[PDB]
Structures are given as C-alpha cells and as structure tokens.
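Chemist: Below: one structure in structure tokens.
Neighbour counts run over all protein chains shown; Cβ positions are idealised from the backbone, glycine included. Every read-out reported here was derived from the displayed coordinates using simple, explicitly stated rules and does not represent laboratory data.
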Amino acid sequence: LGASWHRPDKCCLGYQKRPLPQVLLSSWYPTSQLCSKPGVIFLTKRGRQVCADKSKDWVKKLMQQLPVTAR
C-alpha cells in the first residue's frame, strides 16, 4: 500500500512565491517546532492553504491584518 508515509506534524520547507490579497483570505496558523525551517501556512476562506514565511513582505502585512487560527 503506497499512499503517503512519513509526515511529522507537517513542516513546510517550501514557501509561496506570489503575493495574494486578503480580500479572500481568512487567517494563518503557525507550524511546529520540530521542522528544519518551519514558517506559517495560510488558510483562505474557500481557496486553499499556502506556506509563507513572515520574513516576506506581503505575508508580513497579512500577519498583522489577520489574527490567527489554531485550536
């Protein structure tokens, strides 16, 4: 059975390379502390998720524009 093995929490080494508008975004949740280079994954209203590092520019604005999502 080859579905998808190996997956500790999440860890998103890769990030996005394009700025999205908050007009359709919702919030953002932080990664775990067990990854090589963990940043933050966003979660649009009905779109999809996006691995983005706060170090970016457009991601920084969103971080302040949106509160957070974690439960």
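Chemist: Considering Cα pairs under 8 angstrom that are at least six residues apart, work out the relative contact order of the chain and quote it in whole percent.
Modeler: 31
Chemist: I would also like to ask the following. Which order, highest average first, do 39-50, 18-29 follow once you tally other Cβ atoms within 10 Å for each residue and take the mean per peptide? Walk me through the intermediate numbers first.
Modeler: On the way: 39-50: 14.9, 18-29: 13.0.
With the highest mean Cβ count within 10 Å placed first, the list reads 39-50, 18-29.
Chemist: Same structure again: Hey, what's the Kirkwood Rh for the chain if you take every pair of different alpha carbons, in angstrom? The partial results should precede the final answer.
Modeler: Working: mean 1/r = 0.0773 Å⁻¹.
Kirkwood radius, the chain: 12.9 Å.
Chemist: Would you grab the residues whose amide H sits under 5 Å from the one on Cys51? Only those 5+ places off in sequence or on another chain, please, with H modelled 1.01 Å from N.
Modeler: Counting only residues 5 or more places away or on other chains, the set is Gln16, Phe42.
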